[PDB]
Amino acid sequence: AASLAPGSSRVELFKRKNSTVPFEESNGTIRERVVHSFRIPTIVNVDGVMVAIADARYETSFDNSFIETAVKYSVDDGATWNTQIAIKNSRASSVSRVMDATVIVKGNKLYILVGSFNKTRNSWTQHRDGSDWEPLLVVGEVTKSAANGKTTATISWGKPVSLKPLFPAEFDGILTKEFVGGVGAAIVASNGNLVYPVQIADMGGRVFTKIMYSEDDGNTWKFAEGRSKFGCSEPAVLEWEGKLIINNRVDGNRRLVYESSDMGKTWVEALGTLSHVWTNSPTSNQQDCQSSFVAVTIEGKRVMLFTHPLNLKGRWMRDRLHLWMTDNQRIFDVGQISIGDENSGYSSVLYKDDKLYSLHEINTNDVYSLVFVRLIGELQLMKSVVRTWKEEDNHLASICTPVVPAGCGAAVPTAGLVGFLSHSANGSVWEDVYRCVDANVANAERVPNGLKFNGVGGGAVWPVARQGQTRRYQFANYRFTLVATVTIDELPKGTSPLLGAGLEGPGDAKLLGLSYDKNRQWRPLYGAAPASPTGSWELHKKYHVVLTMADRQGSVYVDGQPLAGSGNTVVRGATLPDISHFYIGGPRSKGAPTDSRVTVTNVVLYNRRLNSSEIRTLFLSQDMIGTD
């Protein structure tokens with residue numbers, strides 16, 4: 001949905017210029033003090049108690065102001081809340097502040113890491129040195145009790161401990177200045193380690209990210225060897241299939257995502273999955289925003305949830321907060337969870353006892369509140385989609401494929417299966433069986449499991465860069481396998497397109513593709529190289545086509561066998577290509593009046609280079625995989 005879903009609702013939990021916090025005066029007295037703005041939200045579940053953490057920006061929303069860490073907690077899923085100040089600031093000046101909380105829950109304990117500042121009026125990267133700063137760790141302990149019928153809870157907050165003495169003065173030559181947690185909910189790894197993603201500012205103004213972890217429940221901390229590129233900030237981390245996935249804020253460019261299989265020692269950019277998928281605005285040259293990135297299990301399937309504003313207004317406005325759900329293959333836009341065109345901002349998502357919630361900023365005139373949202377309609381859609389993913393994957397994996405001369409052969413490949421176009425098509429849309437990215441169609445007629453094209457521009461466009469702001473098929477620029485079953489229905493006049501990856505930019509360049517000609521020969525396209533004819537085909541005969549691209553190389557298979565020219569380099573340079581779309585048939589809205597008279601069924605897209613055995617399996621099982 002394009003706004004907070006039907007059935008969903010929210011309350012202004014931390015209300016700007018209204019909600020009070022128990023401020024402790026220097027002389028120990030406590031007064032209920034009104035707070036100008038509440039920012040930087042995190043909501044977690046500690047032993048059944050919801051705990052919401054935020055910056056209480058007492059006097060103004062600006063970073064360089066008087067700020068303390070506030071907490072609201074609830075034992076009844078939001079019916080009632082108790083309010084606290086979990087971390088006080090130093091009280092050294094009118095701008096003393098503890099801020100930008102990053103939180104880890106383990107058992108009944110909360111570990112909160114904040115940046116503490118005494119007197120600076122400028123931002124952390126602009127500081128001459130790190131003398132005004134300390135990274136503070138605070139541990140809270142949640143205790144549950146219960147009167148007659150009603151459970152109660154209290155949270156005891158420990159005194160802050162500075163981790164400054166544990167901060168190396170240099171990293172591989174880079175001289176350090178300060179570090180802050182990545183903001184939001186961090187994790188306990190499957191091995192029990194406390195894992196904080198951190199953002200580090202070096203002496204020379206640059207920011208980059210690293211992993212800071214503890215194997216002893218917070219007694220000691222280690223900074224892992226790996227790091228992001230410079231320009232990455234507010235990293236969020238989760239664990240996926242034994243690896244850490246670090247999703248970074250990147251002001252002024254697309255969001256970089258990295259994977260590490262060794263607790264942060266080595267990082268590799270997630271080129272084949274999530275890196276550069278998300279961005280800061282339609283044009284990618286705007287201030288970015290913090291995002292929550294959390295792993296949950298829905299309908300028995302593990303998935304990752306990611307929240308980020310579309311920021312159509314630009315700069316710090318951050319309108320239109322969206323929620324996305326991914327299984328590291330498919331990426332689904334659950335929809336907009338903020339309301340209308342309101343400015344949102346930082347956000348947090350929590351899945352607790354089969355209920356989904358968010359705590360996020362709303363901003364009018366730079367006065368900020370935090371809304372606590374019950375994502376009812378969203379969870380319903382999410383469950384529906386997870387069931388689709390499970391059911392289709394299970395169905396394909398259960399097919400008994402033919403045994404090859406050496407009960408069943410190898411399973412139909414589902415690992416890395418991103419999209420699938422099959423029987424369902426309606427109007428000008430060919431539906432993704434996986435419900436994420438449909439293809440747009442023209443001059444088509446439905447046939448079992450696909451479409452027959454007849455007319456100018458007859459064909460389908462499966463958008464890649466054409467997806468626009470959020471590029472869910474960004475992996476294709478690094479590697480892909482595109483599969484389809486085809487028949488050529490009428491001879492072309494000269495040459496005509498059948499299947500391929502088009503590139504953005506001047507001309508009508510293709511990265512890798514297959515065309516066919518009037519002499520009944522194949523015309524594979526391998527990048528800029530001249531499309532030299534090869535082999536022989538027959539009208540009306542069913543052919544299995546596979547395009548593979550990896551390591552800057554491309555191959556075209558017909559009926560499980562590579563065509564001449566396969567393995568040739570298709571992209572030159574170290575710069576990723578920019579695929580506009582995959583084309584099926586001969587779609588066009590301009591240029592030559594292409595009219596490819598072909599029928600294409602069961603188009604499958606993978607985010608990896610399928611091996612020859614997997615290709616053979618698909619070839620042998622092509623009559624078994626359709627949706628009907």
# chains A, B, ... in the order shown; residues from 1 in each chain; ligands from 1

call {"tool": "residues_around", "arguments": {"residues": "residue A:450", "least_positions_apart": "3", "cutoff": "6 Å", "atoms": "only C-alpha atoms", "output": "list in words"}}
result
residues 422, 423, 447, 600 and 601 of chain A

call {"tool": "select_by_dssp", "arguments": {"residues": "stretch 180-223 of chain A", "states": "strand (DSSP E or B)", "output": "ChimeraX atom specification"}}
result
/A:180-181,184-185,187-188,194-202,207-214,222-223

call {"tool": "closest_atom_pairs", "arguments": {"of": "stretch 167-205 of chain A", "to": "stretch 146-163 of chain A", "cutoff": "12 Å", "atoms": "only C-alpha atoms", "output": "Markdown table"}}
result
| residue | atom | partner | partner_atom | distance |
| --- | --- | --- | --- | --- |
| A:167 | CA | A:163 | CA | 6.8 |
| A:168 | CA | A:163 | CA | 10.6 |
| A:178 | CA | A:163 | CA | 10.9 |
| A:179 | CA | A:163 | CA | 9.9 |
| A:180 | CA | A:163 | CA | 10.5 |
| A:181 | CA | A:163 | CA | 11.5 |

call {"tool": "write_last_selection", "arguments": {"atoms": "N, CA, C and O atoms", "output": "PDB file, in the first residue's frame"}}
result
ATOM      1  N   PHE A 167      39.718   1.890  22.294  1.00  0.00           N
ATOM      2  CA  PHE A 167      39.699   2.383  20.920  1.00  0.00           C
ATOM      3  C   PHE A 167      41.116   2.574  20.383  1.00  0.00           C
ATOM      4  O   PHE A 167      41.846   3.433  20.861  1.00  0.00           O
ATOM      5  N   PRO A 168      41.513   1.780  19.394  1.00  0.00           N
ATOM      6  CA  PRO A 168      42.852   1.923  18.808  1.00  0.00           C
ATOM      7  C   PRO A 168      43.073   3.338  18.276  1.00  0.00           C
ATOM      8  O   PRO A 168      42.128   3.989  17.823  1.00  0.00           O
ATOM      9  N   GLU A 178      37.128   9.536  16.662  1.00  0.00           N
ATOM     10  CA  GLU A 178      35.991   9.165  17.493  1.00  0.00           C
ATOM     11  C   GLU A 178      35.223   8.005  16.853  1.00  0.00           C
ATOM     12  O   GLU A 178      35.387   7.721  15.672  1.00  0.00           O
ATOM     13  N   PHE A 179      34.405   7.332  17.651  1.00  0.00           N
ATOM     14  CA  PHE A 179      33.472   6.337  17.116  1.00  0.00           C
ATOM     15  C   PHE A 179      32.156   6.369  17.882  1.00  0.00           C
ATOM     16  O   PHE A 179      32.111   6.725  19.062  1.00  0.00           O
ATOM     17  N   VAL A 180      31.090   6.001  17.179  1.00  0.00           N
ATOM     18  CA  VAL A 180      29.757   5.955  17.728  1.00  0.00           C
ATOM     19  C   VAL A 180      29.184   4.632  17.229  1.00  0.00           C
ATOM     20  O   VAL A 180      29.689   4.077  16.253  1.00  0.00           O
ATOM     21  N   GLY A 181      28.176   4.098  17.909  1.00  0.00           N
ATOM     22  CA  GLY A 181      27.505   2.909  17.415  1.00  0.00           C
ATOM     23  C   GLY A 181      26.772   3.260  16.128  1.00  0.00           C
ATOM     24  O   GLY A 181      26.546   4.438  15.841  1.00  0.00           O
TER      25      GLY A 181
END

call {"tool": "residues_around", "arguments": {"residues": "residue A:449", "least_positions_apart": "4", "cutoff": "10 Å", "atoms": "only C-alpha atoms", "output": "list in words"}}
result
residues 421, 422, 423, 424, 425, 485, 600, 601, 602, 603, 623, 625, 626, 627 and 628 of chain A

call {"tool": "select_by_dssp", "arguments": {"residues": "stretch 76-194 of chain A", "states": "helix (DSSP H, G or I)", "output": "list in words"}}
result
residues 124, 125, 126, 164, 165 and 166 of chain A

call {"tool": "closest_residue", "arguments": {"among": "A:275, A:190, A:369, A:280", "to": "residue A:18", "atoms": "only C-alpha atoms"}}
result
A:369

call {"tool": "residues_around", "arguments": {"residues": "residue A:336", "least_positions_apart": "5", "cutoff": "7 Å", "atoms": "only C-alpha atoms", "output": "PyMOL selection string"}}
result
chain A and resi 1-4+320-323

call {"tool": "write_last_selection", "arguments": {"atoms": "N, CA, C and O atoms", "output": "compact mmCIF listing (two decimals), in the first residue's frame"}}
result
# COMPACT_ATOMS: atom_id res chain seq x y z
N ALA A 1 0.83 -1.24 0.00
CA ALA A 1 0.00 0.00 0.00
C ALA A 1 0.85 1.28 0.00
O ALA A 1 1.98 1.29 0.50
N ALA A 2 0.28 2.35 -0.54
CA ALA A 2 0.98 3.64 -0.66
C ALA A 2 0.98 4.52 0.59
O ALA A 2 1.46 5.66 0.55
N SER A 3 0.45 4.00 1.70
CA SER A 3 0.42 4.70 2.98
C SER A 3 0.10 3.66 4.06
O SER A 3 -0.32 2.56 3.73
N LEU A 4 0.31 4.00 5.33
CA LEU A 4 0.01 3.06 6.42
C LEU A 4 -1.24 2.25 6.07
O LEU A 4 -2.30 2.81 5.78
N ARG A 320 7.86 9.58 3.32
CA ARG A 320 7.51 8.29 2.74
C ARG A 320 8.39 7.12 3.18
O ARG A 320 9.14 6.54 2.39
N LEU A 321 8.26 6.77 4.45
CA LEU A 321 8.99 5.64 5.01
C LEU A 321 8.43 4.34 4.46
O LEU A 321 7.22 4.09 4.55
N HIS A 322 9.30 3.52 3.86
CA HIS A 322 8.89 2.22 3.34
C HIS A 322 9.49 1.07 4.13
O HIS A 322 10.53 1.19 4.77
N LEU A 323 8.80 -0.07 4.06
CA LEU A 323 9.25 -1.31 4.67
C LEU A 323 9.46 -2.32 3.56
O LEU A 323 8.58 -2.52 2.74

call {"tool": "closest_atom_pairs", "arguments": {"of": "stretch 211-253 of chain A", "to": "stretch 281-289 of chain A", "cutoff": "9 Å", "atoms": "only C-alpha atoms", "output": "JSON lines"}}
result
{"residue": "A:234", "atom": "CA", "partner": "A:289", "partner_atom": "CA", "distance": 8.3}
{"residue": "A:249", "atom": "CA", "partner": "A:288", "partner_atom": "CA", "distance": 6.1}
{"residue": "A:250", "atom": "CA", "partner": "A:288", "partner_atom": "CA", "distance": 5.9}
{"residue": "A:251", "atom": "CA", "partner": "A:288", "partner_atom": "CA", "distance": 4.5}
{"residue": "A:252", "atom": "CA", "partner": "A:285", "partner_atom": "CA", "distance": 4.0}
{"residue": "A:253", "atom": "CA", "partner": "A:284", "partner_atom": "CA", "distance": 5.2}

call {"tool": "write_last_selection", "arguments": {"atoms": "N, CA and C atoms", "output": "tab-separated table (two decimals), in the first residue's frame"}}
result
chain	number	residue	atom	x	y	z
A	234	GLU	N	26.37	5.23	9.93
A	234	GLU	CA	25.22	4.54	10.56
A	234	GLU	C	24.94	3.13	10.04
A	249	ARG	N	24.52	3.49	5.71
A	249	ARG	CA	24.05	4.79	5.23
A	249	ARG	C	25.19	5.35	4.38
A	250	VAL	N	24.85	5.97	3.25
A	250	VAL	CA	25.84	6.60	2.38
A	250	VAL	C	25.25	7.90	1.87
A	251	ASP	N	25.67	9.02	2.47
A	251	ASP	CA	25.14	10.31	2.03
A	251	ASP	C	25.63	10.59	0.62
A	252	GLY	N	24.72	10.96	-0.28
A	252	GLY	CA	25.15	11.36	-1.62
A	252	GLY	C	25.48	10.28	-2.64
A	253	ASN	N	25.25	9.02	-2.30
A	253	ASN	CA	25.41	7.90	-3.24
A	253	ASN	C	24.56	6.73	-2.75

call {"tool": "atom_distance", "arguments": {"atom1": "atom CA of residue A:344", "atom2": "atom CA of residue A:371"}}
result
9.8 Å

call {"tool": "atom_distance", "arguments": {"atom1": "atom CA of residue A:440", "atom2": "atom CA of residue A:331"}}
result
18.2 Å

call {"tool": "residues_around", "arguments": {"residues": "stretch 79-84 of chain A", "least_positions_apart": "4", "cutoff": "8 Å", "atoms": "only C-alpha atoms", "output": "PDB file with C-alpha atoms, in the first residue's frame"}}
result
ATOM      1  CA  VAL A  21      10.679  12.776  31.247  1.00  0.00           C
ATOM      2  CA  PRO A  22      11.913  12.492  34.849  1.00  0.00           C
ATOM      3  CA  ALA A  70      14.995   8.380  27.425  1.00  0.00           C
ATOM      4  CA  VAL A  71      13.198   5.068  27.751  1.00  0.00           C
ATOM      5  CA  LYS A  72       9.560   4.044  27.742  1.00  0.00           C
ATOM      6  CA  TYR A  73       8.755   0.421  28.558  1.00  0.00           C
ATOM      7  CA  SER A  74       5.591  -1.677  28.563  1.00  0.00           C
ATOM      8  CA  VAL A  75       4.600  -5.092  29.939  1.00  0.00           C
TER       9      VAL A  75
END

call {"tool": "closest_residue", "arguments": {"among": "A:141, A:354, A:438, A:490", "to": "residue A:540", "atoms": "only C-alpha atoms"}}
result
A:490

call {"tool": "closest_residue", "arguments": {"among": "A:29, A:398, A:164, A:475", "to": "residue A:257", "atoms": "only C-alpha atoms"}}
result
A:475

call {"tool": "decode", "arguments": {"residues": "stretch 236-247 of chain A", "atoms": "N, CA, C and O atoms", "output": "short mmCIF file (atom, residue, chain, number, x, y, z; two decimals), in the first residue's frame"}}
result
data_model
loop_
_atom_site.label_atom_id
_atom_site.label_comp_id
_atom_site.auth_asym_id
_atom_site.auth_seq_id
_atom_site.Cartn_x
_atom_site.Cartn_y
_atom_site.Cartn_z
N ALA A 236 23.94 -0.77 9.98
CA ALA A 236 23.06 -1.69 10.70
C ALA A 236 23.50 -3.10 10.33
O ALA A 236 23.84 -3.37 9.17
N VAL A 237 23.48 -4.01 11.29
CA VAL A 237 23.95 -5.36 11.04
C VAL A 237 22.95 -6.42 11.46
O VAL A 237 22.20 -6.24 12.43
N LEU A 238 22.91 -7.51 10.71
CA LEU A 238 22.14 -8.68 11.12
C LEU A 238 22.95 -9.90 10.72
O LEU A 238 23.94 -9.79 9.99
N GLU A 239 22.55 -11.07 11.22
CA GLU A 239 23.22 -12.31 10.86
C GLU A 239 22.32 -13.09 9.91
O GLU A 239 21.12 -13.23 10.14
N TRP A 240 22.92 -13.59 8.84
CA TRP A 240 22.19 -14.33 7.82
C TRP A 240 23.03 -15.50 7.35
O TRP A 240 24.13 -15.30 6.83
N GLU A 241 22.53 -16.71 7.55
CA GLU A 241 23.22 -17.91 7.10
C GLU A 241 24.70 -17.93 7.48
O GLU A 241 25.57 -18.18 6.64
N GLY A 242 24.95 -17.63 8.75
CA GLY A 242 26.29 -17.68 9.31
C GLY A 242 27.18 -16.50 8.97
O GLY A 242 28.38 -16.52 9.25
N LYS A 243 26.61 -15.47 8.36
CA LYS A 243 27.40 -14.30 8.01
C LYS A 243 26.79 -13.04 8.59
O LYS A 243 25.60 -13.00 8.89
N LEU A 244 27.61 -12.01 8.73
CA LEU A 244 27.11 -10.70 9.12
C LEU A 244 26.84 -9.93 7.83
O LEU A 244 27.65 -9.96 6.91
N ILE A 245 25.69 -9.28 7.76
CA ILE A 245 25.37 -8.44 6.62
C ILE A 245 25.30 -7.03 7.20
O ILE A 245 24.53 -6.76 8.11
N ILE A 246 26.16 -6.16 6.68
CA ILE A 246 26.27 -4.78 7.16
C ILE A 246 25.72 -3.83 6.09
O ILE A 246 26.25 -3.73 4.98
N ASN A 247 24.64 -3.15 6.45
CA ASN A 247 23.92 -2.27 5.55
C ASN A 247 24.19 -0.83 5.98
O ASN A 247 23.79 -0.42 7.06
#
